[PDB]
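Structure record follows, encoded as structure tokens.
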Ligand SMILES: *CC(=O)NCC1CCN(C(=O)[C@]2(Nc3ccc(Cl)cc3)C[C@@H](C)O[C@@H](C)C2)CC1
Ligand SMILES: *CC(=O)NCC1CCN(C(=O)[C@]2(Nc3ccc(Cl)cc3)C[C@@H](C)O[C@@H](C)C2)CC1
Ligand SMILES: [Mg+2]
Ligand SMILES: [Mg+2]
Ligand SMILES: [Mg+2]
Ligand SMILES: [Mg+2]
Ligand SMILES: [Mg+2]
Ligand SMILES: [Mg+2]
């Protein structure tokens with residue numbers, strides 16, 4: 001999964 | 001902590 | 001609300017203890033109680049709110065993905081019929097996830113966003129709005145899926161418009177918003193080119209503004225820039 | 001009970017899904033529902049029960065220890081008074097922990113133990129009884145602490161007596177029981193010499209019986225023997 005904050 | 005199962 | 005009798009300051013104190021104890025459901029319940037006192041949140045308090053719910057829904061999303069993968073495998077040719085249990089339990093997890101997203105969206109709508117006038121607070125809440133509609137979109141399969149996706153897009157877009165007008169390109173909120181909206185484009189809107197363009201332009205514009213920063217601000221900005229780079233590397 | 005309408009087999013199926021999804025509270029609720037159907041549990045089903053509650057209470061114990069350490073620090077000379085919140089939240093976690101232990105003990109008492117006649121089932125349940133009284137003992141500070149400690153001891157002792165009569169020294173249940181009862185001696189009963197003697201004799205007696213085992217049984221037994229060795233290394 002891609003990075004999110 | 002010591003090991004328990 | 002079960003937190004109605006507890007002082008605001010005590011809720012905040014307990015949310016910080018819950019975080020230390022990795023008790024994120026408790027942390028979220030405390031911060032929901034603090035929001036429902038009706039006063040605006042400080043930066044630190046907004047961060048407690050976001051961390052609590054990010055961790056709760058993050059765990060739900062990971063479980064939902066495990067279950068959805070088992071369910072998908074069950075519907076492949078030559079898979080033995082095992083009854084309704086996989087679908088039921090994925091539905092159970094899904095309904096609890098949607099409940100948490102509805103709870104966060106409800107705090108934002110009643111009344112965090114409308115009272116947030118400073119760009120840093122308003123952008124932060126609008127980003128959260130986009131994020132929790134995005135989590136709803138991840139699990140949506142019905143008549144409303146398009147409207148759910150559009151709700152996420154609209155929230156992110158309003159946050160982006162404010163951020164570009166009112167914050168420097170290195171501002172961590174601006175950066176985090178762009179990171180997430182880029183993921184929305186890639187994963188939800190079927191717009192990988194938009195996702196890549198946003199991540200790249202965000203990174204590059206931030207790079208050009210690092211010279212203005214203190215050491216500590218530079219650390220903050222570069223940490224998020226690396227996540228933009230990580231996504232670009234994954235996608236190209 | 002909210003699981004009363006679900007088939008036993010479906011509860012078991014869902015407990016296995018919950019485990020895959022690392023949803024241990026759900027796993028425990030499913031297995032509680034399965035126990036409450038009233039039928040005896042197979043080996044596999046006993047393992048699902050134990051894993052679910054071990055993971056739920058394990059998390060509670062870790063959180064309780066974080067909170068108790070903060071509370072202890074708050075009561076040291078020169079620590080600023082911060083109000084009742086640390087104690088209240090440690091009490092909240094503690095009460096939830098005690099609730100889970102009471103729920104497990106209640107399943108064992110109504111009616112798992114009394115229906116368990118084979119040594120492998122009866123020893124396993126009696127070990128669980130000792131374990132959940134031990135967790136109660138960890139947090140006990142009142143009039144009943146001695147009786148709680150004795151309840152744990154008595155359950156472990158009955159399990160030990162059966163295990164030594166009816167199982168080989170390498171049997172994984174016998175080994176796990178001894179490991180845990182040794183920890184009880186060290187951590188709860190203030191009996192480190194007893195703890196060490198039990199761990200050493202258990203290890204040595206197992207070692208002497210490994211020659212009788214298949215490769216797969218040898219793997220199972222040696223895995224637990226290593227935990228005995230690890231504890232001995234910690235304690236000597
Ligand atoms: C009140 C406020 O301004 N909060 C922003 C603050 C910026 C620094 N920071 C982060 O960099 C991380 N979290 C987020 C969360 C949301 C947004 Cl919009 C940006 C950043 C936390 C740290 C530990 O890790 C980085 C990768 C993200 C905390 C929030
Ligand atoms: C039905 C039954 O006989 N279960 C016993 C079985 C033995 C093998 N095993 C283990 O070794 C571990 N868990 C426990 C739990 C309880 C007891 Cl009394 C002994 C062992 C699990 C594995 C993954 O790791 C080892 C260290 C412990 C599972 C339970
Ligand atoms: Mg007040
Ligand atoms: Mg649904
Ligand atoms: Mg644009
Ligand atoms: Mg039936
Ligand atoms: Mg108490
Ligand atoms: Mg003895």
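All Cβ positions, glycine included, derive from the backbone under ideal geometry; neighbour counts span all protein chains shown. Only the coordinates and a few stated rules stand behind these numbers; no lab work does.
Search the stretch C:155-173 for residues being within 19 Å of the chain's Cα centre (by Cα) and over 16 Å from residue C:129 (Cβ atoms), and hand back the single one that is nearest to ligand 4 (Cβ to nearest atom).
Ranking the qualifying residues of the stretch C:155-173, first place goes to C:172.
How many residues, within the stretch C:146-160, are without any contact (Cβ under 8 Å) to a residue 12 or more places away in the chain and within 15 Å of residue C:120 (Cβ to Cβ)?
Going through the stretch C:146-160 one residue at a time, the tally reaches 0.
Can you tell which of D:202, D:236 is over 18 Å from the mean Cα position of the chain (by Cα), under 19 Å from residue D:131 (Cβ atoms) and within 14 Å of chain B (Cβ to nearest Cβ)?
Going through D:202, D:236 in turn, the sole match is D:202.
Scan the stretch C:68-109 for residues that are within 15 Å of ligand 4 (Cβ to nearest atom) and within 24 Å of residue A:5 (Cα to Cα) and report the count.
Residues meeting the conditions: 11.
For residues that are surrounded by 14 or more Cβ atoms within 10 Å (Cβ to Cβ), farther than 15 Å from residue C:95 by Cβ and away from chain A (no Cβ under 13 Å), scanning just the stretch C:129-144, find the one that is farthest from ligand 3 (Cβ to nearest atom).
Filtering first and then ranking leaves C:137.
Take the stretch D:114-128 and flag every residue that is surrounded by fewer than 19 Cβ atoms within 10 Å (Cβ to Cβ) and either part of a helix (DSSP H, G or I) or within 16 Å of ligand 8 (Cβ to nearest atom) (or both).
D:114, D:115, D:119, D:120
Identify, by number, the condition in (1) within 21 Å of residue C:47 (Cα to Cα); (2) surrounded by fewer than 17 Cβ atoms within 10 Å (Cβ to Cβ); (3) in contact with a helix residue (DSSP H, G or I) (Cβ under 7 Å, 6 or more places away or on another chain) that residue C:175 doesn't meet.
Residue C:175 satisfies every listed condition except (2).
Have a look at C:198, C:223, C:227 and point out the one that is under 24 Å from residue C:122 (Cα atoms), assigned to a helix (DSSP H, G or I) and within 15 Å of ligand 5 (Cβ to nearest atom). It would help to see each step written out before you state the result.
Values: C:223 fails: within 15 Å of ligand 5 (Cβ to nearest atom); C:227 fails: within 15 Å of ligand 5 (Cβ to nearest atom).
Exactly one of C:198, C:223, C:227 is under 24 Å from residue C:122 (Cα atoms), assigned to a helix (DSSP H, G or I) and within 15 Å of ligand 5 (Cβ to nearest atom), namely C:198.
On the basis of being surrounded by fewer than 20 Cβ atoms within 10 Å (Cβ to Cβ) and within 14 Å of chain B (Cβ to nearest Cβ), does residue D:192 make the cut?
For residue D:192, the condition - surrounded by fewer than 20 Cβ atoms within 10 Å (Cβ to Cβ) and within 14 Å of chain B (Cβ to nearest Cβ) - is met.
What number of residues within the stretch D:14-31 satisfy the criterion of being assigned to a helix (DSSP H, G or I) and either over 18 Å from residue D:50 (Cβ atoms) or within 16 Å of ligand 2 (Cβ to nearest atom) (or both)?
Result for the stretch D:14-31: 8.
If I ask for residues that are surrounded by fewer than 17 Cβ atoms within 10 Å (Cβ to Cβ) and more than 14 Å from chain C (Cβ to nearest Cβ), which ones from the stretch D:42-71 would you list?
Residues satisfying the conditions are D:42, D:43, D:44, D:47, D:51.
Any residue at all in the stretch C:177-190 that's within 15 Å of residue C:124 (Cα to Cα), away from ligand 5 (no atom under 13 Å from the Cβ) and part of a helix (DSSP H, G or I)? Step through it out loud before you land on a result.
Here is the first cut: in the stretch C:177-190, the residues within 15 Å of residue C:124 (Cα to Cα) are C:177-181.
When the remaining residues are screened for being away from ligand 5 (no atom under 13 Å from the Cβ), the result is C:179-180.
Pick out the ones that are also part of a helix (DSSP H, G or I) and you get C:179-180.
Among the residues of the stretch C:177-190, at least one is within 15 Å of residue C:124 (Cα to Cα), away from ligand 5 (no atom under 13 Å from the Cβ) and part of a helix (DSSP H, G or I), which makes the answer yes.
Are there any pairs, at least 6 apart or on different chains, whose C-beta atoms fall under 7 Å, with the first in the stretch C:37-51 and closer than 16 Å to residue C:24 by Cβ and the second in a loop (DSSP other than H, G, I, E, B) and within 16 Å of ligand 3 (Cβ to nearest atom), and if so, which?
These pairs meet every condition: C:49/C:41.
Within the group C:18, C:34, which residue is in contact (Cβ under 8 Å) with a residue 24 or more places away in the chain, more than 16 Å from ligand 6 (Cβ to nearest atom) and either within 9 Å of chain D (Cβ to nearest Cβ) or more than 22 Å from residue C:102 (Cα to Cα) (or both)?
Result: C:18 is the single residue among C:18, C:34 that is in contact (Cβ under 8 Å) with a residue 24 or more places away in the chain, more than 16 Å from ligand 6 (Cβ to nearest atom) and either within 9 Å of chain D (Cβ to nearest Cβ) or more than 22 Å from residue C:102 (Cα to Cα) (or both).
In this structure, is residue C:105 away from ligand 5 (no atom under 16 Å from the Cβ) and within 14 Å of chain D (Cβ to nearest Cβ)?
no
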